[PDB]
Each structure stands twice: as structure tokens, then as C-alpha cells.
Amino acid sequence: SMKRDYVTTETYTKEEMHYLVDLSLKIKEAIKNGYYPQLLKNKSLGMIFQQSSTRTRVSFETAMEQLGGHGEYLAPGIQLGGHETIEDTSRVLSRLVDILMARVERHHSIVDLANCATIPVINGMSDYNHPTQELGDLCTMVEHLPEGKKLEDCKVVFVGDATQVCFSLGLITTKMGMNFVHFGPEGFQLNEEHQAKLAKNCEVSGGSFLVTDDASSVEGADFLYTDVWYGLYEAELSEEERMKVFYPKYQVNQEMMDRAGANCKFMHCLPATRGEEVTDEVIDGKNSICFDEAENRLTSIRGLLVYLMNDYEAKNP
């Protein structure tokens, strides 16, 4: 083709993900030392958000500035579909910016945008997956690799609801050959189709996956990860409804961390509902890496933007 998209890590090999991590960490280190590599000079990113965002939006906008380009915030309601067709919007934006991202209510919207645009398209989260979160989370696990452990020998346990972030964490950990668990209650577990995709990743990678409601599954976790309980932006569970499903068994508290292990690190994509999926004590505690993880939303987005723009330039000399 003449471009590459980042809609799902399912289209990336382990080697490509490692390259993305390595590129991201090199850029991070330069900036830490006071030097900003101008790798996207005069390039323009269209940023389409159908939902609210702090970390994803600010990461894209900051990343562009840091690398010498600019991000344009197209707020909820440039509509995807509607009166103007997605084919028209996609072809028009392909002439007016160099690269696109979109956070979408429905996954088909990002797929359609990628299919119809002739410039790189990045999924900034859908109801299905969250691939920039995957890369940031991988950067974070690499930086916080336990002493004497290979990445592939790490155990990553996601606690709670089968969110798009849960699935995405499963996708990236299995892609990298790691050991993944979704610890969640029946009715809120990764589904058969999700699990088939995790198995497919493991066939190649030698990693493992388990989906279970067994509380002992947290034992030996190197990373213990959670997310909110209220579901999707269009149809939230109420406090009473979600507490009924998840509390207290799926609350990440100090007792759960102690059971997972003394050096187990706590992760959360954020925003967090303190007192539901995680207690103040854990998220603010010595083993929380969620703020390093949030920083790495920017770390990973810088590397990804550069990778995709380099690919585009290679295909369009």
C-alpha cells in the first residue's frame, strides 16, 4: 500500500512492537536530557474526538509540538458519517492533514476512516480496543521490568470488567509472549471471540492467557492492572449496579496487592474511580506506576507518530 494504519496491534508483529518501544524510549531519553528531536517538522495531525479525553488528547497535541508539528483538535460534533459520508470526509481530510487520529464511539468508524483515508489513521480508543494504550503500557512494563526477569516471563493480571482496555492489554501481552490473566466475574469476562484472538497471539508468541473468576489468579502477578466498572460512555452502569457486580471481590486494595506480591506494580489507564476498582492506598502507594504509565501515553504516541510518518514517506518518495 501507500500508508500504514494503527487501528489494532493485531496487524503488528512482536518485532515491530519492540521497534516502536525502542524508538519511543530513545525520543523520551533525548527530551529528558533537554533535546527535542524535530522528527515531524511542519506536519499536521487531525485529532477527532467523539468522547472526552485528558491523556490521549493532550498526549497527541503535546507530541506534535515536541516533534516540530501541530495537532488540530476537532471537537465532538466534524461528524464521522451523517450528512457527509465517511468516504467524503476521509478523502477530504487526506488532502488537508498528514496524519489522523480518532477516538470513536463505535469501532467501525475508525475502521472506515482508515479504509477510506490515504494517510495514516490512528485509533485513539473505540468500544473494541485501545492500541495506543497498549504501546504506552508496554513501554511502562519494559521500564519497570522486575530484576532478573525477562519480559516474556512476566505475569500481567487485569482485574474487573472486560473493558476495551482489558482486551487490549491481553492483545499486547500475548503479542509480546507474556502471561496474561483476566480476573473478572462471570458475565463480565473477555468473551469467546476475544479469547480466540488471544490464543492466536500465543500460537506465535509462546505466551499464555487465562480468563477466570478465581481470586487466586492474582498470585505472582508482576503487574496488576484495572479500569473503571461503569462500562461504555453511551450506556453506563449506575453506582449501585456496578458495585453489585464487582464489589468487593474485584476491588484492588492493599490486601490484593500483598497477595499478588510485594514487588507487584499497580497499573490503571485512568481516570480511576477511587473507592471502586482501586483504593486510595494502592493508587497513591509505593507500588503504583499509573502516573509513569500516564506519562508513557505521550512516550508511545511520539514514537508511533514518527514510525507512521516515516513509513508514509518511504512509500511516497
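Quick note: we count residues from 1 along the sequence shown, nothing fancier.
The deposited sequence places no unmodelled residues between residue 187 and residue 188, so the chain runs continuously there. In this entry, 188 to 196 shows the higher mean Cα temperature factor of the pair 188 to 196 and 132 to 140. With 24 to 32 and 279 to 287 compared on mean CA B-factor from the PDB entry, the stretch scoring higher is 279 to 287.
When the C-alpha B-factors of 46, 261, 271, 37 are ranked from the entry, the top spot goes to 261.
Comparing the C-alpha B-factors of 124, 170, 120, 148 in the entry, the top value falls on 148.
Residue 209: CA B factor lies in the middle third for its chain, per the PDB record. Among the modelled residues of its chain, residue 73 has a C-alpha B-factor that falls in the middle third according to the deposited record. Remark: residue 51 belongs to the highest third of its chain, ranked by C-alpha B-factor as recorded. In this PDB entry, residue 265 carries a Cα temperature factor that places it within the middle third of its chain's modelled residues. Annotation for residue 103: C-alpha temperature factor in the lowest third relative to the rest of the modelled chain, per the entry.
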